């Protein structure tokens, strides 16, 4: 059949130092299928941290493609080996993870938990079944693990649109960056994230680990419920297991490896407006004016490829978007506390009188094939693609951005079309097994050739690196270069949004779900996708509100702003061939927008703190219910509700004509953020049928949490000048806590040694006859200098009212306290 697998020829754990395991594997027998077997494998197992195990399988006899350390820096590998059945075990005393090598024919290995003896990853073959073997051919790597089908709940392996967050059994997930619209279910999309989270329902419910394959090649991942199998068309096996044991711990461990989420400027949490098709500077000015007139907050105005001179980067349409008017426009935005973001594509038009093209040629920055620059097709027509693996191309990129920024101020950059997208598929190179690989991955759901509508696999990058190997890194690399350009041309914290991504992209950029559609399905689809990118270490995520493609309806757009006002990244965007969909256009949507964006803006200090938490520990802003409630198995399959931070839950209507929603509530007390008198109390988690009128969305806060809020305003800058209102939700079972991070909104290194920041922790507890609310402050200086005052505290979750020396609501007014000054407030019961 497909292969015969490997035997352990030798294996040993180095002793008398930090243990690592080294083994040599030998091919049992050759097979012709999918090409030549690699005869000898080097096999290592090593602990990068007590909570992280690394399994690396390479050709013992040849260097193979690996993601460069410069692209994704990480600890180097453990030495390689020398030139009942037997086993070799690797364990560390402070590690919960135990690795075992089985000297069977073919060989196997497992990783199990010390605490429960539960097997997390099991690559023991079924001897009669080659689909369960490790197979290792030049263009076909096969790695398989069994799974306890009912107990293992898996999440991730992006990027794909799915109706559920938890991965359905019996499917194939393809990772191959492609310009494919996210309104398409199942298909491989713009990004590739070969990570999954595995939550176990038994034996120790809520027990979670992570599994990451550090490989940039195209792959199919087959998940059948009782097994998962990687089928990878190149590179090596570089497998990381993250011990958890909680969901939050897994993401901490994973992002520690791939990079902590980049911080975001405060303004990026404001509302964004964009459209493909804005005709001229007058129109975008008019949109901004109409937002103000509708009294709907607008933070950032975007321009799509319309602004460019005939779709060429680093230029302005001299007729529709003349430089002087654009300068005035951006100046006006800035005077009003607003910001501006333009789009960029990677392809450089081949026009001989275009400065960017001339300079690019001079520094030889473009991707080549057969010794000449590769000629693609995108919006301006013929293009060459910068090789972002080439240091000279990055410098070129920085320089073009500098030049443009010197003439027209910008606040951030949107990088699109960077898979790379190509509108003409090139002919395959005769005889090449790269353009015509032996195993066809399921590209676009049709086994479509990998070179379809992109750069051909035989194209070459700096260092003689093939497109075959580097493809999934293109977007990732451009993001690094663009961020580099921004940091070098402004001392403000940068902001960028990227379409194409790879594992680690979150260290450089925000992301959006791409080309969704104005359909009720896509409204719901935004939630699983939002949650996934949190797992992928990209917490700054959202979808085009009201839908990118196809014309929206009043009701759909109304329900969408309700949901979308809570996306970490909240933007209205649409294609040019559809109806306009600014939020002021319908009264019922505008009224809904004011209500929900009003709450969002009050929650800005909360979002910003969560962003801080994400950069620190990798924990997502928008997170699944089982992150807070991992012991409640009912939450594992929830796909239509989500948390913002630890204790706020959003429960949107996602169907037309509905005025109610059946929403799951985990155990305990929940209070509407829109009406503190409105609450939900259960002794055991269950579904509750919430009232949900056309203009309302259910948003609830759980007992045990404290959230610092500021006032509503038209801009994020204005909001920060409002008083703080503290929301304290008490629990009979636990003291309540909360956190607030404060800085200047633009410090390059968030929470760094520079000291331009303050951290406040809040604490509240009831006694039999008193109630204490207090704070602790780290680095009091910055916050004090900003004059932030807390004037009111609202207390939920008690059945008795409290004051200074069913549920009730208590309010403490005219407090005038300074946020920067630690306090202790004593209240008494009535």
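Numbering follows the first chain given and starts at 1.
Annotation: residue 81 belongs to the positions left without coordinates in at least a third of the other compared entries, with flanking residues modelled. Going from residue 83 to residue 84, the model skips 10 or more deposited residues, which lack coordinates.
Gap check for residue 805 to residue 806: 10 or more deposited residues are absent from the model. Just going by the entry, 385-393 versus 93-101 on mean CA temperature factor gives the higher value to 93-101. The deposited model assigns a higher average Cα B-factor to 634-642 than to the other stretch when 250-258 and 634-642 are compared. When the Cα B-factors of 735, 343, 157, 199 are read from the PDB record, 735 comes out highest.
Out of 58, 785, 770, 26, the entry records its largest CA B-factor for 770.
Ranked by Cα temperature factor within the chain, residue 63 sits in the middle third according to the deposited record.
Ranked by C-alpha B-factor against the other modelled residues of its chain, residue 558 falls in the highest third. Among all modelled residues in its chain, residue 542 ranks in the lowest third by Cα B-factor.
Sort the chain's modelled residues by C-alpha temperature factor and residue 695 lands in the highest third, per the entry. Placement of the Cα temperature factor of residue 41 within the chain: lowest third of the modelled residues, per the deposited record.
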